[PDB]
Structures are given as structure tokens and as C-alpha cells.
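Written below as C-alpha cells is the structure these notes are about.
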Amino acid sequence: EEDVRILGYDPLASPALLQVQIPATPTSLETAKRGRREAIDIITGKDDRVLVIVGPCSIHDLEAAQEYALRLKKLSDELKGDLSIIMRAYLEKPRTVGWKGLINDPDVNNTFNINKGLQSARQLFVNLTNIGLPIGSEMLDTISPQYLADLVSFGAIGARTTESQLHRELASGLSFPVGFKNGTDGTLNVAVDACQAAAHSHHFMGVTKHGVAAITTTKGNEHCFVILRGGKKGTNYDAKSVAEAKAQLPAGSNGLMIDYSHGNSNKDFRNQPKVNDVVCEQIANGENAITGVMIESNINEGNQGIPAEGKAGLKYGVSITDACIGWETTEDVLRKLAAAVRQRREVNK
Amino acid sequence: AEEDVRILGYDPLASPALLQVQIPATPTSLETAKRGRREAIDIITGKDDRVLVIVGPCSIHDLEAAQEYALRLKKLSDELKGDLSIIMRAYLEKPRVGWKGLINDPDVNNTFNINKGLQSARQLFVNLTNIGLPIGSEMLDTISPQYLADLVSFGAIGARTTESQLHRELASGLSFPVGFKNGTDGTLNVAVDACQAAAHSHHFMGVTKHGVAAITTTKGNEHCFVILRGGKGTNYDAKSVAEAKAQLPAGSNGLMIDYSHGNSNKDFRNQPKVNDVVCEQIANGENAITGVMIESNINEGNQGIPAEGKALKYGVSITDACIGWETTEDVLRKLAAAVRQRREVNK
Ligand SMILES: [Mn+2]
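Those protein sequence lines, which keep their order, are chains W and Z. Numbering follows this note's numbering, in which position 29 of the first sequence is assigned residue number 94; successive positions increment by one, without gaps. Numbering follows this note's numbering, in which position 130 of the second sequence is assigned residue number 410; successive positions increment by one, without gaps.
Structure (C-alpha cells):
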């Protein structure tokens, strides 16, 4: 007696199969490799620029996500001297009611279609990296990465998974930098331990490119950093917290990342520009522990819901999960930030 | 196309179906597992006035010592079966800088041999359930359960994974009761939300009995309860259980109290104390307290692995500290009485 709570198994196209059906262009693969290099240099102290993971809370519209990417691309060219921008192309959010994500519900209609979900996911990632814009995503499980890893330049383990052994081992084998968010209870200890663990070699059970379960063995990831995203103990994007933080980072730690939205906003997306100001000062005055910022942005501000009128009737450019600043304001943030960096170069010059 | 740069390689892995044939479950084993699930379900849902007790080593690393313990616990289980419903602990590992647990380093010599690990794991579970003693284990990943689910009567999601979506969906499809431990920061909200989620139906990617990745769909598990194990302070006191019962939504199952970890704050000798403070609330008529987790062994304390390998002191855990057998015999006879006395207060 088992599976009594298992309604059934549906066939799942393997990674290898998907990687052929939706191939990565030479440009796409190049953009991904570049992003990883830049990201690595910045978090390890080799580059004085600031790593910026900015983009929608979650993509549900490949059309709108492509428009946004173009804009963000044209900008990244201009502020490339001070900011290395990776676009947020998260494929969901850890809901509890609400949507499931571009992979669980690609059609936004409670009609699960994982296979089509993975196709959209992969297609999307290819479309974005194809125009020369690196992308970052959240590492949900130990399988999804196999279908998209080749195109990702940055990966972030959510706040509710940083303590999870399973996600630490997963990070210890990813081919890019992985950011661990601090505990949902404001503490920074668990994220420091995640980075410690991901640095080691692990032996876990995963699936191959051919959809088969196998004993995986990782090398260890040394490009794991901490992301500050607030918590119960209050937001932590300020100098005082940044210092408490630096104080906890062990020997050989990488540069800290500060997520403007989420716990560092207190259910008010209009606080991101505020945080930017505070963080931009620390930077403008020689703070070199602050290496990257995480921004939840979009084409139009705010959030919304999934109307009774199916997907066909959803305000365009507007998130359907966490709320975010709109384009206009995003470019501001990125210009004061671009300055905070250009400045910083002197404080240390 | 840069990939697998941090992947040293993939080793072949015997599938669940394969393992289930190489190490078959006796008719007795399968019966013991089904019984335990029934009893556990009745107790946490309020249909039975007994107390569910998940007691046993912090983690098994010796199948021979684990078998001796099971015999003792079995006999005791017989004497106090009128009050307690005993489910032996069969954890393969502890919250990871030391031994990686039976599945990973089965030979206890820093070598990774997962296939032999799974064989020991499964063989063990069979040996235990084979003498009529139900077992409970921690649900590590979304694969290991496939190799052992058929023999497990109870499952617990650790404190470091209760917030993990992946483990909530996993629980929503297990064939037995799953206990969620409260956050490591003493809060009880995350565990209440885990239970909420596991109750729903989920669509995740898992592996079949044939080692293949497939889109799994769960029914939802309604036998998910909360376990109080302390945190940043403890929480087995009446003031804490009272604040807990608050947080549980209508129709929630009886809480479970862990006498160890955060509730024994840096010492195993703190379990007997926690048993009084819990036995009391039971005799005084507290009905939310449906079960307890006890970390015991054949001999007190823990230890480590010497310059020498698995020969280690006998009957002693090599991870978290345990109480001895005798202490365990008292602790359980005492918890038994508190159960009878609670039987009156309600009458
Ligand atoms: Mn978000």
C-alpha cells in the first residue's frame, strides 16, 4: 500500500529532449557565459561595478517580457561602465493561494500543463539571452535547473529554502553564482551556512539530462553570496545592518547583495526607490561590501489579480504576483545607482 | 553550452522497483506498517484517547544494535499498549561536519556509497517492521521515500524544511501521517502553513518506481500535524502549548511535543524533565498534546568516530545525544500513567 495519495504520473519530456526541441542559439549561450563572468568578477572583488538583478516579480507573458528586455538591454549598454545588469526571469513565486508559475500553469487558468510550461520557460530564456541580456532565476527544485541551466547566468535560492539541505547541495553543483537570501525571520546566520555548505562537494540523487534518476556528485560552488532581503527583525538595507552583516561573514566570503523589494519594503513597492537612496549613499561613500542589488521592476507599476475573464483579460505590463515599480522609475533607480558606483570609484581612488 | 562544470559525474542508481524486489517486504512487515498508520491516524484525529509516541535513536548507523533496541521497545510496547501507541524511530541521518547517515556513508568511513546505503536503509526498515514494530522516518528528499514508503507508518519533515514548498508537496502525497516541526526560530506559523498546503493537491516533478522523472499529482494529505520542538526559547510549557493551540485552525490535529533538540537545550538529560512538564499537562486533562518524540538509545550520550572506523562504542549514537534504555523505560511508563489519569479528568 503506497501511492494512495498519488493520483497518477504523467509523461515528462526529458531535458535532453527539450534542449533539442528548443535549441539555444550561439548568441544565447554566449550571453549566458558572459553574464556568469561579469557576475563572478563583481562578487569576488575583481570588478568595481555593481551587479544588478532587475526585472518582473515573475514572467507570465512572454510577449511583454520581451518588450521589457529590449528596454533593459538598451539601458544596460549605457550603464555597462558601472552596472552589470542581469534580468530577473523568475518563473513564479513560492505561493498560499494564487498562481503557480510559467511552468506549472503556462496558460494562467488553473489548467496545469508542465510540459508546455517547460517549453515556455525554456523558449523564454532563449528569447531573452538571445538579445544579449543575461538572465537570473530562482532554483525551485533539483530538476527544473536541468532544463534551463545552460542559459542562466545567475541563480538565487529563496528565503524559505536557504536552510534546505537539498538546495544547498543543488547550489554546490550549479554552473553559476548562487545567491542565498537571509532567513524569513531577519537572521543572517542560515544564509552564511548555506554558502558554507554549497562550497563543499556533495553526493545527492538527481536526474540526468535523459530523465533518469542517478547519484550526482558535485564539485562545490565557491561563487555563493548572501542576499539581504529583510525579515521579522526588520529591514536590513542600511549601513548599520550592512556592518552587522560584514561582521558575520566568515573568511573568504563574497560581496553582499541587497534586495530592495520584499522584506526591505514592508508590503509597499514604492519603498524601493527609498532603499536605493540609502544603499546608493553607502556606495557613494566607499562601501565595497555592497556588490549587488536585487530589484522587482516591470513595464507598469503595481500588481493585480487573475480576473474572471481568463488570461485574455489582464492589464498589460502589470505583475500578477508581488507588485513592482514601473519602467520609468526603474531607470531612475538605475541611474542614481550607476552614479553611486561611478562615485565610489573615487572614494577608493 | 557551458554545463555540468561543477558536476563531477553521475553514478548508476538501482531504481525503487528494483530495490523493492531485491529486498522484499514480508507480509508481517507490510501489516505492521498499515497498523501503525491506522493507530497514528486515530490518535491525531481525536478518535483515540491514547498518546502517539515516536521514540528511538537519533539516527541508526548500526543495524544490529538497532535490532536489539527494537526488541526491547517491542516488548515494552506490549505492556503499555493500552495508553501509548509506540512507533520506533528509524532516522537515517541528523541535521548536517560529521557522519552523513546510513544512506550516504553506510559503512561509516567517509565514503559515499548510496546504493549500499539504500539497501541497508530498506533492509533495516524491513527488519524492524518485521517484528511488528511500526517505524517513523524523516522525509529528506523527493526520492528516498519511493524506496521506503511502503514500510513507513509515520513521517516527519524537519525544522529546516517545513517552509520548503518541495517538502509540502511531497507530504501532500505520502501514504501516512506527516508531522511538521515549527520554525527553528521558535515560531509556529510556518508549520501551520505547511499542514495547510500539504492538505491540497499538488503537481510536481518526481521519480517513478522505475527511476524515471515524471509529472506527479497528489491527492492532498489530511493527516498532517504540528510538532513543537522549541527554537530561539523552548515551547513544551503550558504557556507555550496554550499559545500554540491558539494558532491551530479549526479541525487541526493534536500537537506533538519533541522532548529534544530545541526543547532539551544542549543536553539529553533534559528529556526526563520535559516528560514531567508534559505528563502533567496530560494528567491535568490537556487533549491537544496527542504525541511525543523521544530520542533514546541503549546507552546515554553520543560520541564520534575515532582514528579507527566503526570500531565506536556499542549502543551509542554518533550524532545527537540520547538517553539510555532504563531512563526510557521510566519516561514511558510515566507518560503512560499521565495518559490514564487524563482518561479520568475527561470522564
Ligand atoms: Mn517576489
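Built from N, CA and C at the ideal position, the CB exists for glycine as well.
Taking 7 Å as the cut-off, is the C-beta of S424/Z nearer than that to any heavy atom in ligand 1? No, the Cβ of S424/Z stays beyond 7 Å of every heavy atom of ligand 1.
Look up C289/W in the DSSP assignment and say whether it is helix, strand or coil. strand
Opposite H268/W in the DSSP bridges: which residues? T282/W
What residues of chain W sit near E283/Z, judged by a beta carbon separation below 8 Å? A214, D215 and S240
Could you name the residues whose beta carbon sits closer than 5 Å to any heavy atom belonging to ligand 3, keeping them in chain order? This structure does not include ligand 3; its bound ligands are ligand 1.
Report the rounded CA-to-CA distance for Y539/Z versus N545/Z, giving the unit in angstroms. 10 Å
Is the distance from the Cβ of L356/Z to the Cβ of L615/Z below 8 Å? Not closer than 8 Å, so no.
Would you give the residue range spanned by the beta strand (DSSP E) that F219/W belongs to? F219/W -> beta strand (DSSP E) spans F219 to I222.
Could you work out which residue in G542/Z, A587/Z and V472/Z is closest to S532/Z when comparing CA atoms only? Nearest neighbour of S532/Z by Cα position, chosen from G542/Z, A587/Z and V472/Z, turns out to be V472/Z.
Under the rule that 16 or more other beta-carbon atoms within 10 Å means buried, what is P292/Z, buried or exposed? exposed
Could you work out which residues of chain W lie near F392/Z, taking near to mean beta carbons separated by less than 7 Å? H268
Taking CB distances under 8 Å as the criterion, tell me whether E228/W reaches chain Z. yes
Any idea if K311/W is buried or exposed, counting beta-carbon neighbours within 10 angstroms, 16 or more meaning buried? exposed
For chain C, find out if any of its Cβ atoms is closer than 8 Å to the Cβ of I280/W; answer yes or no. Of the protein chains in the structure, W and Z, none is chain C.
So, do the stretch 117 to 126 of chain W and the stretch 93 to 101 of chain W have three or more beta carbon pairs nearer to each other than 8 Å? no
Short of 7 Å Cβ to Cβ, which residues in the stretch 366 to 391 of chain Z face chain W? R376 and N384
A221/W beta carbon less than 8 Å from that of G238/W: no
Under 8 Å, Cβ to Cβ, is there at least one residue of chain W near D322/Z? Contacts with chain W at 8 Å (Cβ-Cβ) do not include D322/Z.
What do you reckon, are the CB atoms on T273/W and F245/W nearer than 8 Å? no
Under 8 Å between C-beta atoms, does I287/Z make it to chain W? Closer than 8 Å to the CB of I287/Z there is at least one CB belonging to chain W.
Let me know the beta strand (DSSP E) ranges lying completely inside the stretch 560 to 590 of chain Z, each 3 residues or longer, listed in chain order. Whole beta strand (DSSP E) segments, 3+ residues: 571 to 575.
With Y155/W as the anchor, note down where its alpha helix (DSSP H) starts and where it stops. Segment: none, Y155/W is in no alpha helix (DSSP H) and carries neither H nor E.
Residue(s) in a DSSP beta bridge with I390/W: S362/W
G565/Z to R622/Z span [Cα, whole Å]: 5 Å
Segments of 4+ residues assigned as alpha helix (DSSP H) that fall wholly inside the stretch 295 to 381 of chain Z: The stretch 295 to 381 of chain Z contains these whole alpha helix (DSSP H) runs: 296 to 302, 307 to 325 and 343 to 359.
In whole angstroms, what separates the C-alpha of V162/W from that of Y155/W? 18 Å
Are the CB atoms of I324/Z and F484/Z within a distance shorter than 8 Å? no
For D421/Z, which residues in chain W fall below 9 Å Cβ to Cβ? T207, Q230, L231, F269 and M270
Using a Cβ-Cβ distance under 8 Å, would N501/Z count as near chain W? yes
Is it buried or exposed, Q561/Z, if we count other Cβ atoms within 10 angstroms and call 16 or more buried? buried
At 8 Å on the CB atoms, spell out the chain W contacts of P529/Z, in chain order. None at all; the shortest Cβ gap to chain W is about 13 Å.
Which residues bound the beta strand (DSSP E) around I71/W? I71 to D75
Among all the DSSP beta bridges, which residues are the ones paired with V255/W? Bridge partners of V255/W: none, in fact.
Counterpart residues of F245/W in DSSP-defined beta bridges: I222/W and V291/W
How would you list, in chain order, the residues of chain W whose beta-carbon sits under 8 Å from the beta-carbon of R440/Z? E228, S229 and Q230
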